[PDB]
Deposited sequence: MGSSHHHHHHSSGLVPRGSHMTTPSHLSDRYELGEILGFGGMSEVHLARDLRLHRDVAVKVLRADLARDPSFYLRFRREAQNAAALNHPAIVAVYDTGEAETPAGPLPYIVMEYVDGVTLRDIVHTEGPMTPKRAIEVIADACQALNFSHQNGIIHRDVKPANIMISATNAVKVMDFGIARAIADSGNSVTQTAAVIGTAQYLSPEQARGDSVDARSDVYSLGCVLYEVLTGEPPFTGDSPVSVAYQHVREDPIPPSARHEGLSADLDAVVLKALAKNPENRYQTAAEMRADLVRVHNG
């Protein structure tokens, strides 16, 4: 991976990485601001299957303009000794994922958890109103700013109409907005208790539990939780889509009521 992309974005420290890409802190040399730059692996860049999915991620996230969703500024293909190197320029979020927060600090106070998920609901609901289902809602894809703002990211498998998968999504079924609602329920359960609703020694077991087993009410796993919060989480985690919040807006309206 090179020094600068397109003679414009000076690459700095790695912020995150996975199996198909990496994210750098970078400096926009024209605009004089720091940005987050996602770069496709390069050996994968020669693969149309991966090259297209990466471009689709950029296009999906660029279709959304919301203060709680990571904004896309630019996209390109840098010239390297390897060949073309696809990249996406995004707003830099100075913060941490919920995955990091729960791992270092443990469960959040109910009040903070309610605010954080209410804000995530609002982002997802916006996505849905714009015909996009995220499908990868999980703590590693939600960050909290240095200003306490929530930012939903990673539209890598979003579609334009184990521990966090909805039962429909497990079966690669028709997944809709109520699948994101379920995944939000899982994320909420985890920031309230420190653990997701189901764990197991394998992915199929975790999947079997999502499909067949009722979650343990959150108050039974962790002290200081109301029966009303149990009810909200347990309704988001309902097995049948007809029994969950029908939209993320509805989930938020109920969380706000627990708060107020």
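Stretches of the deposited sequence absent from the structure, as judged by C-alpha coordinates, are 1-22, 184-199, 299.
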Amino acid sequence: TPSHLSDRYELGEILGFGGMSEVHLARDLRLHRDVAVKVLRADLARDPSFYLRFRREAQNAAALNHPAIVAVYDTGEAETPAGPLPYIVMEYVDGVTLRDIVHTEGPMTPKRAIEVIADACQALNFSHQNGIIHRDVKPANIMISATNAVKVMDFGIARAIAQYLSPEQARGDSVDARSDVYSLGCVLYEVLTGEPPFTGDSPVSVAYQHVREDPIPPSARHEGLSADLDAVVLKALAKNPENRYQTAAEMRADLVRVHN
From here on, numbers count along this sequence of modelled residues.
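Mean C-alpha B-factor is higher over 163-171 than over the other stretch, the pair under comparison being 163-171 and 97-105.
Stretch comparison (172-180 versus 151-159) by mean CA B-factor in the PDB entry places 172-180 on top. The deposited CA B-factor of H66 belongs to the middle third of values across its chain.
In this PDB entry, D228 carries a Cα temperature factor that places it within the lowest third of its chain's modelled residues.
Among all modelled residues in its chain, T75 ranks in the lowest third by Cα B-factor. The deposited CA B-factor of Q209 belongs to the lowest third of values across its chain.
In the PDB entry, a CA B factor belonging to the highest third of its chain's modelled residues is recorded for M90.
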